[PDB]
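All remarks here apply to the structure that follows.
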Amino acid sequence: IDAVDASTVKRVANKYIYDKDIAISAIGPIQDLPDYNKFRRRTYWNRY
Amino acid sequence: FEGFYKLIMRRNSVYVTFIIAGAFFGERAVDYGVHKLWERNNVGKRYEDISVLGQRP
Amino acid sequence: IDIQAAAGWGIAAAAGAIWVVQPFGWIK
């Protein structure tokens, strides 16, 4: 646990989160929930 | 190889530069290739192909 | 994430300027 520093978190997040496919499971009143494509775009920041 | 490749899909600033460079080189190559085919299809009809070019009298 | 991004976006801006304005010959 102590070996997980700020640079380690960023490396792992880039391996697993950055521009990665996601799975979505929703139930109930979910018409206002954004579509898969919106959620997929929000996996990366184009300003960097 | 991998150095530029990993920078292009990871940083939008690098990707934007890649788009700008591709537009610069891609358009120049097309312009060069179009002109070469234009010259090949028009042999002997150019301004510098005139035989009497330079002797008006 | 701040200095690297600033350097990257400045490089893109410089590349865009050379692409829009072609200063070939002015490089003397």
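Each chain in the structure tokens gets a letter, A, B and so on, in the order shown; residues start at 1 in every chain, and ligands are counted from 1 in the order they appear.
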What residues in chain B have any atom no more than 7 Å from chain C when counting only C-alpha atoms, and can you write them as a PDB file with N, CA, C and O atoms, in the first residue's frame?
ATOM      1  N   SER B  13      -2.822  17.581 -27.422  1.00  0.00           N
ATOM      2  CA  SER B  13      -1.915  18.576 -27.985  1.00  0.00           C
ATOM      3  C   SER B  13      -0.993  17.952 -29.025  1.00  0.00           C
ATOM      4  O   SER B  13      -0.726  18.554 -30.071  1.00  0.00           O
ATOM      5  N   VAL B  14      -0.491  16.748 -28.752  1.00  0.00           N
ATOM      6  CA  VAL B  14       0.337  16.047 -29.727  1.00  0.00           C
ATOM      7  C   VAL B  14      -0.503  15.615 -30.923  1.00  0.00           C
ATOM      8  O   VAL B  14      -0.069  15.711 -32.077  1.00  0.00           O
ATOM      9  N   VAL B  16      -3.213  17.034 -32.092  1.00  0.00           N
ATOM     10  CA  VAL B  16      -3.521  18.203 -32.910  1.00  0.00           C
ATOM     11  C   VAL B  16      -2.342  18.554 -33.809  1.00  0.00           C
ATOM     12  O   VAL B  16      -2.517  18.873 -34.991  1.00  0.00           O
ATOM     13  N   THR B  17      -1.122  18.499 -33.266  1.00  0.00           N
ATOM     14  CA  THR B  17       0.066  18.721 -34.087  1.00  0.00           C
ATOM     15  C   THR B  17       0.177  17.667 -35.182  1.00  0.00           C
ATOM     16  O   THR B  17       0.580  17.971 -36.310  1.00  0.00           O
ATOM     17  N   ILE B  20      -2.176  18.713 -37.897  1.00  0.00           N
ATOM     18  CA  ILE B  20      -1.646  19.846 -38.654  1.00  0.00           C
ATOM     19  C   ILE B  20      -0.543  19.385 -39.599  1.00  0.00           C
ATOM     20  O   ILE B  20      -0.500  19.778 -40.771  1.00  0.00           O
ATOM     21  N   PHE B  24      -0.484  19.464 -43.731  1.00  0.00           N
ATOM     22  CA  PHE B  24       0.606  20.144 -44.474  1.00  0.00           C
ATOM     23  C   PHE B  24       1.213  19.181 -45.491  1.00  0.00           C
ATOM     24  O   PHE B  24       1.245  19.527 -46.682  1.00  0.00           O
TER      25      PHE B  24
END
Task: At most 7 Å to chain B: residues in chain A, only C-alpha atoms, as a PyMOL selection string - done: chain A and resi 46-48
Could those residues be written to a file, using N, CA and C atoms, as a PDB file, in the first residue's frame?
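Just written: selection00.pdb:
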ATOM      1  N   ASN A  46      -9.718  16.331 -23.528  1.00  0.00           N
ATOM      2  CA  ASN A  46      -9.092  16.844 -24.739  1.00  0.00           C
ATOM      3  C   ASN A  46      -8.291  18.119 -24.510  1.00  0.00           C
ATOM      4  N   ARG A  47      -8.383  18.736 -23.334  1.00  0.00           N
ATOM      5  CA  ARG A  47      -7.587  19.929 -23.075  1.00  0.00           C
ATOM      6  C   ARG A  47      -6.152  19.608 -22.678  1.00  0.00           C
ATOM      7  N   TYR A  48      -5.817  18.338 -22.482  1.00  0.00           N
ATOM      8  CA  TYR A  48      -4.444  17.945 -22.187  1.00  0.00           C
ATOM      9  C   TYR A  48      -3.804  17.273 -23.395  1.00  0.00           C
TER      10      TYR A  48
END
- [ ] DSSP on the backbone, then: every residue of chain A marked helix (DSSP H, G or I), written as a ChimeraX atom specification.
- [x] /A:6-16,36-41
Task: Among listed residues A:10, A:31, A:2, A:41, nearest chain C (using only C-alpha atoms) - done: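 Result for the nearest residue to chain C: A:10.
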I'd like the contact shell of stretch 12-29 of chain A - 7 Å cut-off, only C-alpha atoms, skipping same-chain residues fewer than 2 positions apart - returned as an mmCIF file with N, CA and C atoms, in the first residue's frame.
data_model
loop_
_atom_site.group_PDB
_atom_site.id
_atom_site.type_symbol
_atom_site.label_atom_id
_atom_site.label_comp_id
_atom_site.auth_asym_id
_atom_site.auth_seq_id
_atom_site.Cartn_x
_atom_site.Cartn_y
_atom_site.Cartn_z
ATOM 1 N N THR A 8 2.152 6.473 -9.161
ATOM 2 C CA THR A 8 1.620 5.127 -9.349
ATOM 3 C C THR A 8 0.138 5.162 -9.702
ATOM 4 N N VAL A 9 -0.631 6.012 -9.018
ATOM 5 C CA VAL A 9 -2.065 6.106 -9.280
ATOM 6 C C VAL A 9 -2.314 6.567 -10.709
ATOM 7 N N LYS A 10 -1.556 7.567 -11.165
ATOM 8 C CA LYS A 10 -1.734 8.079 -12.520
ATOM 9 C C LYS A 10 -1.391 7.023 -13.563
ATOM 10 N N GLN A 31 -34.220 8.147 -18.221
ATOM 11 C CA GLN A 31 -34.242 8.832 -19.508
ATOM 12 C C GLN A 31 -33.228 9.966 -19.554
ATOM 13 N N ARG A 40 -18.547 7.507 -22.789
ATOM 14 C CA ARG A 40 -17.276 7.073 -23.429
ATOM 15 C C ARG A 40 -16.365 8.276 -23.698
ATOM 16 N N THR A 43 -14.166 9.719 -20.752
ATOM 17 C CA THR A 43 -13.052 8.951 -20.215
ATOM 18 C C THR A 43 -11.701 9.575 -20.534
ATOM 19 N N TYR A 44 -11.685 10.746 -21.166
ATOM 20 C CA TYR A 44 -10.447 11.446 -21.472
ATOM 21 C C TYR A 44 -10.733 12.936 -21.564
#
Open item on the list: What's the separation between atom CA of residue B:7 and atom CA of residue B:22, in Å to one decimal place?
Closed with: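 So the answer is 15.7 Å.
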- [ ] Measure the distance from atom CA of residue B:1 to atom CA of residue B:23 in Å and round it to one decimal.
- [x]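 According to the coordinates, atom CA of residue B:1 and atom CA of residue B:23 are separated by 20.2 Å.
For the pair atom CA of residue B:41 and atom CA of residue B:29, the separation is 18.5 Å.
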